[PDB]
RNA sequence: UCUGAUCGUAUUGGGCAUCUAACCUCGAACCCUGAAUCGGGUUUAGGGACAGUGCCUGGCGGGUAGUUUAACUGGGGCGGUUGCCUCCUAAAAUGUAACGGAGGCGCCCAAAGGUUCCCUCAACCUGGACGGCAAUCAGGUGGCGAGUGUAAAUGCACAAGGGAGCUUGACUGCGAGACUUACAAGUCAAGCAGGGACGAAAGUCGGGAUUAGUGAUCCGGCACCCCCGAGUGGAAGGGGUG
RNA sequence: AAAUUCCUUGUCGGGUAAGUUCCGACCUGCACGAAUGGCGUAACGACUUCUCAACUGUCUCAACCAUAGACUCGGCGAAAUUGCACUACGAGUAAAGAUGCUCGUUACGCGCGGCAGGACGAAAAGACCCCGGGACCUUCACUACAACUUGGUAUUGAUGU
RNA sequence: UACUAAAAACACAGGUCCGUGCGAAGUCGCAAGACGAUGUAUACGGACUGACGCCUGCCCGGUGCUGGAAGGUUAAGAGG
RNA sequence: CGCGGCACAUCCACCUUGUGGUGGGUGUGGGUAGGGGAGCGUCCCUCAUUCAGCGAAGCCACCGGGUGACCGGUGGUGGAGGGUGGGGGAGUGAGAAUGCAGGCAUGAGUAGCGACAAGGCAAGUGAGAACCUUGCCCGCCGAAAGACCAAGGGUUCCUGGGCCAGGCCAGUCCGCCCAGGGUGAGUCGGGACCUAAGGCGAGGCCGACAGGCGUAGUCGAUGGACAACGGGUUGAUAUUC
RNA sequence: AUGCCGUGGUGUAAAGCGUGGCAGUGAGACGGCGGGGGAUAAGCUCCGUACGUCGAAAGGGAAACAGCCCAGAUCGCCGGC
RNA sequence: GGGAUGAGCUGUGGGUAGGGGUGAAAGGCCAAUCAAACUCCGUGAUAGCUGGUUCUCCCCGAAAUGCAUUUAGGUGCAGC
RNA sequence: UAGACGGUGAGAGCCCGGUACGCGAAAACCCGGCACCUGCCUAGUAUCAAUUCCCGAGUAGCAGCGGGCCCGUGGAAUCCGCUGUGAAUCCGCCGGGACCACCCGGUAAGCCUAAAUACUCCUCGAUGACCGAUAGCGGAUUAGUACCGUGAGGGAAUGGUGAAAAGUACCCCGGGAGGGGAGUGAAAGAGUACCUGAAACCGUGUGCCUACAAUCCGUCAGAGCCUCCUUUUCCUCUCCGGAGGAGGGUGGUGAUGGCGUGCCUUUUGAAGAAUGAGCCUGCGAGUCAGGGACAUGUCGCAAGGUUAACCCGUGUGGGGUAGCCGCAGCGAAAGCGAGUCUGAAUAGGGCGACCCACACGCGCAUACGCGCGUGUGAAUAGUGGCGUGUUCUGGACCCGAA
RNA sequence: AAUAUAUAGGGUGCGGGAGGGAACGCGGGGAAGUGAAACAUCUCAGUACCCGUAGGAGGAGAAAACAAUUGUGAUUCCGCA
RNA sequence: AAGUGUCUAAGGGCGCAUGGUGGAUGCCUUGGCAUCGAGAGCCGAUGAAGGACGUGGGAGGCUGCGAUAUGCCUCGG
């Protein structure tokens with residue numbers, strides 16, 4: 050600064066810590082599934098990365114964001130409850 | 002050749018999902034008897050960085 | 001069987017003495033030196049498990065080494081000061097400096113807080129034994145001079161002063177919305193929920209009549225919450241709240 | 001009253017005519033003092049300081065002469081310095097002191113020899129002061145170290161007590 | 001003190017005090033190994049003073065040196 | 001205010017009725033540090049085009065031109081690489097740093113011209129002479145301004161020859177330049193003989209290493225040992241022949 | 001009295017606010033009006049003013065003159081007020 | 001002017017070398033410089049200070065004020 | 001299959017030396033084929049039991065003082081060295097971040113090991129949007145020379161004649177040098193002191209002004225001379241010319257008057273008696289690397305975009321998805337997820353979602369717009385490259401301290 | 001040999017070494033300036049410099065290694081992370 | 001008698017013409033800086049790197065050379 054205690058030292062250290070074992074998952078928006086696959090047919094990791102909607106070499110979760118009408122089973126992991134509700138409301142099925 | 006990030010800045014400031022920076026206020030770690038629960042409520046939280054120094058901070062973290 | 005004392009006995013060390021055996025001996029003699037007083041070796045004499053040397057540790061340590069040793073400042077120096085609070089200077093919103101004028105603070109309170117209820121002092125005059133104009137008592141004047149925990153201001157008689165009963169809100173989880181301010185930081189907050197003291201209730205209370213009574217950051221410690229737990233289960237350590 | 005005394009030329013007296021110095025004495029020692037040595041001491045000293053005979057151009061009070069320079073003539077031929085130039089003075093103004101600005105006065109252009117008042121004259125990035133930075137130095141400053149030093153263990157045993 | 005200061009500074013003789021019993025202390029060196037010295041307490045090293053004469057007074061409280069080790073405090077180690 | 005010319009914002013009407021410009025009107029236009037926008041010029045590369053020994057560039061002068069950084073043309077010198085345009089890329093624009101390297105000025109034909117020993121004259125050499133030469137006077141040191149060694153210098157000695165430069169002037173001469181010649185040792189001073197102070201110092205000790213000290217042995221003179229004296233000569237050498 | 005906050009009309013090419021990028025300033029002087037220190041002082045010094053000017057502004061006038069008075073230069077004119 | 005048979009002067013040859021040497025001590029002398037010599041290397045060191053920064057045009061246009069400073073001759077945020 | 005450069009009297013494919021291209025090895029030497037030479041091997045494989053033995057000794061590990069590992073002694077792993085104590089031989093040992101147990105991986109304390117990789121004094125060949133003699137290394141020239149310093153070390157400046165030397169024979173001044181006349185040469189304006197020959201500077205000639213007058217040394221007014229020049233009376237000598245004169249007009253000088261305190265730096269304030277500059281010439285100071293970072297203009301694509309390293313290939317083209325930014329955030333984290341967190345709940349509040357000129361169906365509303373599906377086309381984006389301005393680390397605008 | 005073995009030493013003979021080398025590498029040693037607007041911890045840096053000692057390249061190396069159940073299976077070097 | 005009244009340059013200034021010194025700009029290079037590709041990546045007790053000395057028909061330096069001395073022998077072009 051030039052004459053006083055820098056803002057860095059002045060302020061408190063931000064609380065908390067970072068885990069080393071934070072197995073972060075990628076995100077698939079079920080609405081994006083709706084517009085991407087209105088025909089249903091087949092859904093899976095390979096197809097999603099083939100479209101380029103999600104990163105490779107990682108597990109994916111499904112969001113409750115979006116109106117789902119396409120009746121198709123989804124091959125993926127760690128669906129939220131709202132994802133299962135939307136999936137079975139359309140008439141599809143979750144994997145694990 | 003390759004940039005550096007000011008460590009203390011990285012250990013005090015947190016960038017949010019958008020273009021905002023927050024500060025953990027914690028003038029509440031030394032002496033707390035004369036400070037009431039009211040003042041501690043005032044300090045408690047993560048307030049937004051003042052716009053009179055974001056223009057410096059963003060280069061401190063980047 | 002507080003087992004003093006104590007037989008000797010397992011252990012152990014210390015101390016002491018003695019002994020020679022490592023080791024030392026610019027102590028002697030001889031020899032590879034007929035070219036040597038260095039050196040190395042044989043034998044002998046004497047010191048001796050010491051000392052010295054390596055490791056670890058305490059201590060003395062300007063002999064030597066690297067730096068600091070503040071600033072403002074009516075030049076410097078000496079002197080004196082440095083944060084916070086209150087008044088004036090301040091020019092009638094606020095703000096507004098000077099080695100310009102004046103004073104306090106680095107505390108206090110489980111009652112001097114909160115609540116309900118009640119009262120209005122001082123100074124003055126009259127009368128009054130111990131008692132005096134100078135404690136106490138009555139009467140009359142007296143709408144605030146007294147008082148305000150503490151400096152000063154500002155306000156307080158509707159009383160924030162005084163007296164008394166019960167009590168701990170001297171709480172928890174939040175707090176829209178503002179002032180002020182470069183920033184950090186400070187200040188106020190109706191009102192909401194829990195639960196509860198007071199109060200017949202309506203209602204007040206998230207400390208002191210408000211303004212000073214304090215000090216950011218890092219690191220570390222205490223209690224609690226499985227929050228994580230370097231293969232795993234645990235643990236350490238870390239994390240979160242006070 | 002001094003190598004030691006600011007108040008102070010302290011006071012008395014000789015020395016001088018006249019002595020803030022000197023010599024001698026008192027002590028009212030701001031501050032004398034015993035090995036960071038006190039008090040004396042013949043001889044000594046390119047030391048310091050006061051007085052005196054003699055002489056003297058040190059002055060009164062300056063003057064003359066000679067010599068190598070200066071000056072001229074011929075030859076060789078530098079330099080520091082250097083904002084420009086056809087470089088007056090006074091009273092004033094102005095960043096306070098003006099050649100350069102205003103109003104006035106005065107001077108024919110040029111050139112040689114002398115003086116040295118000025119041009120904040122030249123040579124030097126103030127050699128006093130202050131601030132910042134660095135060196136060096138001392139120490140009951142702080143933190144470390146070498147060295148000397150203490151203890152234990154090993155090198156290192158036995159016999160006894 | 002060449003290159004501003006030659007002195008009232010320095011230095012010696014003399015006088016005191018302290019240390020060392022000998023590959024000594026001290027110093028130079030990390031050690032070896034040298035000096036000190038082919039010497040050794042009437043010698044050597046260090047400090048102050050500075051012929052000669054008269055003299056050199058009192059205080060060990062502070063800070064240092066030296067001797068002691070009652071007692072307290074006191075690290076590592078052993079033990080734990 | 002008037003009479004005229006440029007410019008930026010804005011208003012209005014047109015061209016793509018803001019790509020960007022065209023026509024008109026109002027108001028605006030001092031400005032340092034400093035922000036923004038558009039520009040001038042030099043060198044090189046690429047592409048296209050193009051002048052040029054019937055004379056390019058650079059340079060000098062002249063006449064004109066743009067609002068500016070600047071340009072064009074004409075003439076002369078000189079004699080071989082440059083112009084126009086769109087692009088790319090910069091060691092890119094000097095007026096100062098008591099700046100650097102080079103060159104040249106003022107001061108200035110001034111000061112200074114190098115001990116308080118002293119030169120003078122005649123003849124001669126020579127284009128030229130106070131300074132060299134040959135004669136003759138005068139003057140000076142004479143325990144040094146004389147004569148010899150070392151150290152040091154390292155051809156500076158001699159002869160012949162030259163006088164652009166140097167010498168604090170000139171200067172036929174010189175310790176300046178060129179060519180050539182010249183230094184003779186059993187006995188002088190050194191090695192062939194040792195040695196002191198002291199250095200190297202295998203072996204050896206110590207030290208992480210590099211390395212340090214030091215014995216033997218060997219080096220190291222101004223020292224100790226060791227045999228020579230006089231005279232003559234050449235342009236020069238001499239206890240040397 | 002001034003001054004200040006806020007509101008409603010009016011007038012003015014337009015200033016302002018928030019948001020990003022790049023700088024400077026962070027020594028100020030004098031004069032006018034109010035004030036303290038100082039002596040009723042200073043070309044003194046420390047403050048205040050939505051007071052100016054210089055600084056960064058040329059020109060006129062004050063004899064000359066950075067700070068006062070008038071006056072804010074786009075350029076040219078042998079034109080006026 | 002002083003010493004000028006003595007602590008003398010001088011030549012030859014030798015040693016001591018940098019936070020070290022030497023020193024009849026002055027803080028001088030060590031290749032004209034010494035309160036730590038010289039050359040090179042790290043080095044293109046550093047400096048809150050000074051000094052210089054090269055061609056033009058057009059528009060617009062500051063401050064010397066507050067808060068904080070091992071700070072007042074600097075810098076940071078704010079103001080313009 | 002020769003247009004690569006260069007040389008040759010001015011710019012060369014065909015003039016030359018050369019290149020393309022194709023030849024060329026007695027002797028030596030590196031690699032390489034073959035022979036000799038050299039050297040290993042009269043099998044330990046299959047099976048079973050595990051009573052026996054081994055599997056790297058003053059070592060490991062442990063304690064102590066340290067280094068280094070993101071890791072500064074901190075709870076401190078593993079690795080290394082030093083000092084004392086001092087293990088085991090597979091039912092063992094080490095390690096897996098103090099540590100114990102389980103699980104897993106692997107068997108230290110002996111040795112050797114090519115490739116990928118780092119550098120070019122030095123030797124051929126080649127390039128260069130690098131300089132072209134104050135630059136390039138300092139060294140194009142007697143170069144680490146001369147020179148400075150006892151020494152370690154420091155450390156200069158000087159290029160160009162013309163294609164060819166054709167080097168001015170001869171003559172004349174002059175002591176010579178030097179010069180002149182002739183002459184060579186295209187040119188001597190190419191004479192060893194030599195291409196072009198700048199500026200400061202010195203100097204000659206010449207038009208104008210100047211010896212009674214004070215001012216940064218100029219500007220604006222401005223007289224009269226002088227150079228040049230057009231029209232014209234006129235000289236009619238006139239089929240010539242502008243002689244001279246008037247008038248008019250370029251370019252000098254500029255009598256005399258007004259006006260006006262030099263640049264820069266730094267300063268509250270300067271022409272300065274505040275600093276720096278003697279003049280000229282040349283040189284000399286804001287730039288570069290990095291898929292750095294924020295913002296911006298513009299250009300590719302489009303929920304994408306983009307490759308690095310490395311490979312292939314020849315002019316720098318094509319491959320190459322490992323990786324990065326964006327794509328969902330909050331939260332200390334578990335974990336949850338268009339919500340999430342704190343928290344008893346959250347009514348509240350922190351971060352982020354989704355803003356309609358609005359129709360269909362429809363709750364709400366007189367009108368004004370809220371909402372769920374479809375839609376009157378409702379609101380929309382980053383990424384990569386090249387410049388700009390800034391900034392971090394790199395000597396970082398440049399020079400200079402002790 | 002010294003003293004008896006015997007050894008150190010001595011003697012004879014046969015091989016190799018030292019020193020140079022611009023840069024690069026390995027092992028060992030080891031500052032300050034500077035930054036931190038002071039400054040010791042820290043950095044600058046295990047750099048400058050030095051010593052040892054090779055090579056044409058060297059060094060390292062063939063698991064008492066990683067991960068933590070997809071498992072891989074010597075080293076070195078570049079780019080990611 | 002009074003009044004009007006041109007002229008001079010010892011030497012400067014300004015501008016032109018014509019010359020000197022000096023050696024800058026322009027074009028050039030027998031010379032260099034930095035790089036890609038390919039070799040070589042060592043020499044030396046067999047006396048090396050590097051040097052003094054000395055050698056040529058005629059002063060001296062560089063270059064090459066070493067009492068066989070700007071060279072000798074042999075096989076090659």
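Chains as they are written, first to last, in PDB author numbering: chain L, 50 to 145; chain 3, 2 to 63.
A virtual CB, placed ideally from N, CA and C, is assigned to each residue, including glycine.
Do residue j and residue i come within 8 Å of each other at the CB atom, strictly closer than that value?
i	j	result
residue 83 (chain L)	residue 116 (chain L)	yes
residue 105 (chain L)	residue 98 (chain L)	yes
residue 24 (chain 3)	residue 60 (chain L)	yes
residue 94 (chain L)	residue 125 (chain L)	yes
residue 13 (chain 3)	residue 63 (chain L)	yes
residue 132 (chain L)	residue 113 (chain L)	yes
Taking 8 Å as the threshold (beta carbon to beta carbon), is residue i in contact with chain 3?
i	result
residue 60 (chain L)	yes
residue 112 (chain L)	no
Got a sec: is the Cβ-Cβ distance from residue i to anything in chain L below 8 Å?
i	result
residue 56 (chain 3)	no
residue 27 (chain 3)	yes
residue 18 (chain 3)	no
residue 42 (chain 3)	no
For residue i, which three-state DSSP category applies?
i	result
residue 19 (chain 3)	coil
residue 71 (chain L)	coil
residue 110 (chain L)	strand
residue 40 (chain 3)	helix
residue 47 (chain 3)	strand
residue 147 (chain L)	Missing from the structure shown is residue 147 (chain L); chain L here goes from 50 to 145 and no further.
Quick test of the definition: if touching needs 3 or more C-beta pairs under 8 Å, does the stretch 4-12 of chain 3 touch the stretch 42-50 of chain 3? With a cut-off of 8 Å on Cβ pairs, the stretch 4-12 of chain 3 is not in contact with the stretch 42-50 of chain 3, counting fewer than three such pairs.
Would you list, in chain order, the members of the stretch 61-87 of chain L that have their beta-carbon closer than 7 Å to a beta-carbon of chain 3? If the cut-off is 7 Å between Cβ atoms, the stretch 61-87 of chain L has 61, 62, 63 and 64 near chain 3.
Taking any Cβ of chain L, which residues in the stretch 5-16 of chain 3 have a Cβ under 8 Å from it, in chain order? Taking 8 Å as the cut-off between beta carbons, the residues of the stretch 5-16 of chain 3 near chain L are 7, 9, 10, 12, 13, 14 and 15, in sequence order.
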